[PDB]
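Secondary and tertiary structure notes
What follows is the residue order along each chain.
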Amino acid sequence: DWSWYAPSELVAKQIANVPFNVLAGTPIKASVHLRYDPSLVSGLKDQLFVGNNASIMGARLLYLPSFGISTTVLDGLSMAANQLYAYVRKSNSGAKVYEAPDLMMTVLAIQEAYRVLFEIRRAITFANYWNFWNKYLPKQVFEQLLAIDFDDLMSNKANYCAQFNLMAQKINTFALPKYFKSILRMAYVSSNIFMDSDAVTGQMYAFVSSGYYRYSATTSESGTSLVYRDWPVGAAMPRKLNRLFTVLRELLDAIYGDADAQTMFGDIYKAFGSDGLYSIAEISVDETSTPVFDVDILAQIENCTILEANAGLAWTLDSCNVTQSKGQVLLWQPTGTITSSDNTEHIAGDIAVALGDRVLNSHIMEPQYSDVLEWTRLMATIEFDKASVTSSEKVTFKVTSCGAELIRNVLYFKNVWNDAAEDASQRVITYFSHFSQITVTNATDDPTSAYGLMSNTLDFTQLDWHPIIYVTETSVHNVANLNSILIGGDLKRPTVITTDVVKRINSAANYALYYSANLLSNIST
Amino acid sequence: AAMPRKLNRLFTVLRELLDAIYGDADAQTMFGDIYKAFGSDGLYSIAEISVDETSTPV
Amino acid sequence: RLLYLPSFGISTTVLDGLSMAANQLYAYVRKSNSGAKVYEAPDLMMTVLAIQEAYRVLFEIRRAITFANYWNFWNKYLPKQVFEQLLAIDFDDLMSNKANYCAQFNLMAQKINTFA
Amino acid sequence: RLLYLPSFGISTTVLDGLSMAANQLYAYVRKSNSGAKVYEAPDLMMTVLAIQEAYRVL
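Residues numbered from 1 in each chain as written, not as in the entry; some residues may be left out. Chains lettered and ligands numbered in written order. Part of a larger assembly, values for the part shown. Heavy atoms only, no water.

Here we come to a nonpolar patch on the surface. Among the surface-exposed residues, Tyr28(D), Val29(D), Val38(D) and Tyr39(D) lie close enough to one another that they form a single nonpolar patch of about 430 Å² accessible area. Relative to the helices and strands, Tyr28(D) is located in helix α1 (residues 18-30). (Patch = residues over 30% accessible without salt bridge, like charges linked within 9 Å, V, L, I, M, F, W, Y side chains within 5 Å. Areas by Shrake-Rupley, 256 points an atom, 1.4 Å probe, with all protein chains shown as cover. Salt bridge = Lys/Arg side-chain N within 4 Å of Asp/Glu carboxyl O. Helix = DSSP H or I, 4+ residues; strand = E, 2+ residues; numbered from the N terminus.)

Set out below in structure tokens:
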């Protein structure tokens with residue numbers, strides 16, 4: 001009780017008055033006094049350390065759009081493709097024109113097209129959110145969290161809005177059944193920005209597609225297929241919007257160039273009414289959305305799994321395309337390669353990592369199956385291909401399973417200050433810091449040593465709900481002479497899931513995203 | 001007279017079983033044509049079951 | 001244990017079971033359709049059976065689970081033993097994974113329901 | 001004074017009751033549980049009895 005430290009209320013209202021005028025992006029000039037013997041310390045000069053780091057801005061979740069590891073006809077896509085082509089032939093008659101996969105493929109292409117368009121919606125809808133208290137916001141966030149040239153967007157807010165609504169109308173002419181619960185997902189995921197707390201001065205997370213998908217018509221060998229090219233994103237130039245459109249252009253030029261294409265849409269319309277197709281609402285220069293505080297989404301994160309488990313290493317990713325088997329089964333399963341940050345070709349003396357049996361943390365005492373399902377699929381599993389490996393080789397791996405979005409890497413930003421510096425543009429640098437999910441005791445934020453695995457700058461704790469950090473300890477450091485692992489993260493009601501269990505659930509969850517039981521249940525004689 | 005088979009083997013076989021029925025180019029378009037013939041009410045389908053469902057010898 | 005071979009009934013002439021059904025079946029379908037021909041009658045009827053036989057398996061699985069909990073004090077064979085010999089199913093494995101197995105089943109039921 | 005030795009019923013068979021009972025219990029626990037086989041039937045039963053005998057002292 002505060003009443004304890006003051007006589008009358010009125011008197012208290014006067015002795016504790018402290019200003020919280022230290023805006024978001026400004027530096028936290030906190031000080032630590034020091035005392036040592038100058039002749040025994042390498043080069044440290046003063047004996048007073050004034051801070052110059054602002055509270056962390058937030059974190060960028062670079063994800064790979066996913067349909068859920070697909071290897072058998074049982075998996076998500078293949079199944080949906082099935083009931084879909086059905087519902088369509090249902091209303092049609094006569095000669096066959098296109099195979100089932102070739103159709104379903106087209107649909108996805110359209111979905112992934114909207115993915116891009118949506119991130120663009122996000123881009124504009126948020127171009128006007130300003131909240132005095134947080135200087136990061138307006139701009140900075142776009143630059144780092146979304147990877148979008150704010151100045152360019154702000155300066156052309158008019159034309160960009162228009163070019164958008166144009167898209168919305170033009171894409172509306174590309175059939176797409178509004179029943180696919182998967183849409184609702186990606187839509188929500190890349191349409192907002194989430195807060196780690198009900199406070200604006202708090203840090204915030206954002207999801208960002210690391211790429212897109214164009215349709216690649218039946219060449220001569222590979223039957224029709226869906227190609228994936230990378231967003232040139234991670235630590236490069238913070239892309240202007242004209243690049244996001246010029247890509248969408250390319251994206252539909254693909255979906256459209258297929259001889260069968262059009263006649264497909266028609267057949268689709270004949271199946272579901274205009275009321276059965278998705279379409280986004282147009283927006284005005286004034287539309288402004290707000291950061292949101294979704295507990296569930298945070299939880300999804302805290303639990304998730306980072307593919308690039310430790311930024312100290314060099315990661316790769318191939319075979320991300322979506323093909324169709326000789327027997328009409330839709331296939332997708334990304335494979336990658338883990339190598340050392342020095343000899344980009346070998347692994348040498350470094351150690352590859354991926355977690356199997358992982359933790360699951362509930363922020364509710366009595367959790368329930370319902371909450372489990374939701375708080376999961378954001379976490380995935382990686383399996384190594386080879387039994388064991390050599391210093392001269394590469395570490396090969398397949399992705400056994402995962403959720404709707406595959407978390408590739410995660411970066412948290414904060415700008416460091418330095419008033420009085422030559423170039424004005426550089427008195428405030430917005431530096432990033434890699435977030436590694438798996439690490440080791442006695443690790444340093446310098447790749448250089450520690451078997452190739454770096455630790456995380458303790459900054460990260462600023463992110464309430466940050467994903468679980470798993471630290472490995474040699475039998476040496478452990479109090480039980482046996483080596484195990486230490487857990488990091490705000491635990492409340494934790495529990496463990498098997499690599500096997502996770503596989504199960506995702507292999508299932510995704511199936512749901514692309515299926516509707518209601519669909520083939522009301523068709524009469 | 002061999003090993004008393006686990007269920008995962010009965011599913012892993014069914015998997016294979018429908019992968020077959022499904023891989024035919026004509027396949028799908030067949031189903032559609034079927035639905036257009038008999039209503040959803042004209043097709044077989046089994047009811048789902050719960051962990052507690054227990055049948056009795058008859 | 002009655003080890004049986006699923007049968008459609010010895011078929012040598014067009015008169016026999018399958019051939020006949022295949023006939024009236026493809027009919028009832030073309031009835032509601034129109035235009036270009038896409039698949040022959042047999043190729044169709046064949047598909048159907050394949051689906052039936054698929055359910056055969058699924059069903060024996062239903063049996064497997066639906067009976068995983070029958071216990072009648074008086075008969076120690078039941079619970080387990082019977083599965084092992086009469087049904088040829090690893091009881092311990094099923095009992096231990098009753099949850100996931102139930103689910104994987106219902107999944108099938110929904111997915112196969114999309115096979116006319 | 002009746003000095004008795006706590007008994008579970010002379011059992012030496014995959015069928016001698018006590019084991020039956022074990023499988024029985026185990027099934028009900030694992031019943032609607034989604035985790036993975038982390039311990040066989042007896043492993044569990046064993047634990048329970050341990051608790052029981054503890055009470056016999058208390």
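Frequently, the measure chosen for interface size is the accessible area that the parts lose on association. Residue and element names in this part refer to chain A. For chain A, the domain assignment lists domain 1 (1-24), domain 2 (25-55 + 414-430), domain 3 (56-93 + 193-232 + 291-413 + 431-525) and domain 4 (94-192 + 233-290). Using C-alpha coordinates to define each centre, domain 2 is positioned 36 Å away from domain 3. Taken together, the contact pairs 6 residues of domain 2 with 8 residues of domain 3. Note that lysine 414 and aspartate 459 form a salt bridge whose closest N and O atoms lie 3.1 Å from each other. Linking domain 2 with domain 3 are 5 residue pairs in polar contact, by the criterion used here. Looking at the side of domain 2 that touches domain 3, its residues break down into 2 nonpolar, 3 polar and 1 charged. (Domains from an automatic or database assignment. Contact = heavy atoms within 4.5 Å. Polar contact = N/O pair within 3.5 Å; in protein donor to acceptor, adjacent residues only side chain to side chain. Nonpolar A, V, L, I, M, F, W, Y, C, P; charged D, E, K, R; others polar.)

Inspection of every chain in the model, using the stated rule, returns 19 salt bridges over all chains. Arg63(C) is the partner of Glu60(C) in a salt bridge, and the nearest nitrogen-oxygen pair spans 3.7 Å. Highlighted residues: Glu60(C) and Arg63(C), both in helix α2 (residues 41-66), separated by 3 residues, approximately one helical turn. For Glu60(C), a relative accessible area of 26% corresponds to the partly exposed category. Given the relative accessible area of 33%, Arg63(C) is considered partly exposed. Sharing partners across several salt bridges, the network here consists of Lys96(A), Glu99(A) and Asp26(B). (Buried < 20%, exposed > 50% of the residue type's maximum accessible area, 1.4 Å probe, protein only.)

A few words now on the interface of chain D and chain C. On the side of chain C, 11 residues touch chain D, which itself brings 16 residues to the contact. For the pair chain D and chain C, the summed buried area comes to about 1,100 Å², and 65% of that belongs to carbon and sulfur atoms. For chain D, the biggest contributors to the area lost against chain C are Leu15(D), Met20(D) and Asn23(D); these three give 36% of the whole. Taken together, the links from chain D to chain C amount to 0 salt bridges. Summed over the shared surface of chain D and chain C, the result is 3 residue pairs in polar contact. Grouping the constituent residues of the side of chain D that touches chain C by class yields 5 nonpolar, 6 polar and 5 charged. (Buried area = accessible area lost by both parts, 1.4 Å probe.)

Once that is clear, we can look at the environment of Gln262(A). Relative to the helices and strands, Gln262(A) is located in helix α9 (residues 261-269). Counting along the chain gives 88 residues from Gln262(A) to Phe174(A), while the straight-line C-alpha distance between them is 8.4 Å.

Turning our eyes to something else, we now look at the interface of chain C and chain B. Taken together, the contacts link 49 residues of chain C with 38 residues of chain B. Where chain C abuts chain B, roughly 4,300 Å² becomes buried across the two surfaces, and 70% of that area is made up of carbon and sulfur atoms. When residues of chain C are sorted by the area they lose upon contact with chain B, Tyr39(C), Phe115(C) and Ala116(C) head the list and together hold 13% of the total. At the boundary of chain C and chain B, one finds 1 salt bridge. Here chain C and chain B share 11 residue pairs in polar contact between them. Looking at the side of chain C that touches chain B, the elements with two or more residues in it are α1 (17-32), α2, α3 (78-87), α4 (91-96) and α5 (98-112) of chain C. Residue composition of the side of chain C that touches chain B, grouped by class: 30 nonpolar, 10 polar and 9 charged.

A separate point is helix α6 (residues 157-171) of chain A. Residue and element names in this part refer to chain A. End to end, α6 covers 21 Å across 15 residues, agreeing with the expected 21 Å (1.5 Å per residue, within 8%). Looking only at α6, the buried set comprises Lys157, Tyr160, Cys161, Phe164, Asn165, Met167, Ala168 and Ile171. Projection of α6 onto a plane perpendicular to its axis shows the buried side chains occupying an angular sector of 150°, all on one side. The inward-facing, buried residues of α6 contact α3 (100-125), α5 (150-155) and α8 (241-256). (Expected span 1.5 Å × (residues − 1). Arc of directions from axis to C-beta.)

Let's shift gears to the side chain of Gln111(A). Tracing the chain through its elements places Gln111(A) in helix α3. Contacts of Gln111(A), omitting those with residues within four sequence positions, involve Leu176(A), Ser182(A), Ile183(A), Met186(A) and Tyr514(A).

Okay, the pairing of strand β15 (residues 405-413) of chain A next. Residues and elements named next belong to chain A. Summarising burial for β15: 9 of the 9 residues are buried, a large majority. Sheet analysis places strand β3 (residues 58-65) next to β15, joined by 8 bridges and oriented antiparallel. For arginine 60, the partnering residue across the bridge sits in β15 and is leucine 411. Pairing analysis gives 3 bridges linking β15 to strand β18 (residues 432-434), with the strands arranged antiparallel. Bridged to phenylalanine 413 within β18 is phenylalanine 432. (Pairing = 2+ DSSP bridges.)

A few words on the sheet that holds strand β13 (residues 381-384) of chain A. All names here are of chain A. The antiparallel open sheet is built from 4 strands, whose spatial order is β8-β11-β14-β13. One side of each edge strand has no neighbouring strand; the edge strands of this open sheet are β8 (313-315) and β13. Neighbour-to-neighbour, the strand axes of this sheet turn through a mean angle of 35°, independent of strand direction. (Axes fitted to C-alpha atoms, helices over the stretch in contact; angles between N-to-C directions.)

Below, the discussion takes up the packing of aromatic side chains. All names here are of chain A. Evaluation of the coordinates by the stated rule reveals 30 aromatic pairs over all chains. With a centroid separation of 6.1 Å and an interplanar angle of 35°, the aromatic rings of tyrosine 179 and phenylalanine 272 are classed as tilted. In this pair, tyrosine 179 sits in the loop between α6 and α7 (181-189) while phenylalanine 272 sits in the loop between α9 and α10 (295-303), placing the two residues 93 residues apart along the sequence. On the basis of relative accessibility, which here comes to 8%, the residue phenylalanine 272 falls in the buried class. Seen in terms of ring centroids, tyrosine 431 and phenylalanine 432 are 5.0 Å apart; in terms of plane orientation they differ by 20°. Their pairing is stacked. Relative accessible area serves as the criterion here: at 25%, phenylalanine 432 is assigned to the partly exposed category. The rings of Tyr87, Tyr179, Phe180, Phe272 and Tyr514 are connected pair by pair, giving a single aromatic cluster. Against the face of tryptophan 231 rests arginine 239, its NZ or CZ located 5.0 Å from the ring centre. (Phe/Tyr/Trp six-rings, centres within 6.5 Å; stacked < 30°, edge-to-face > 60°. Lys NZ or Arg CZ within 6 Å of the ring centre and 35° of its normal.)

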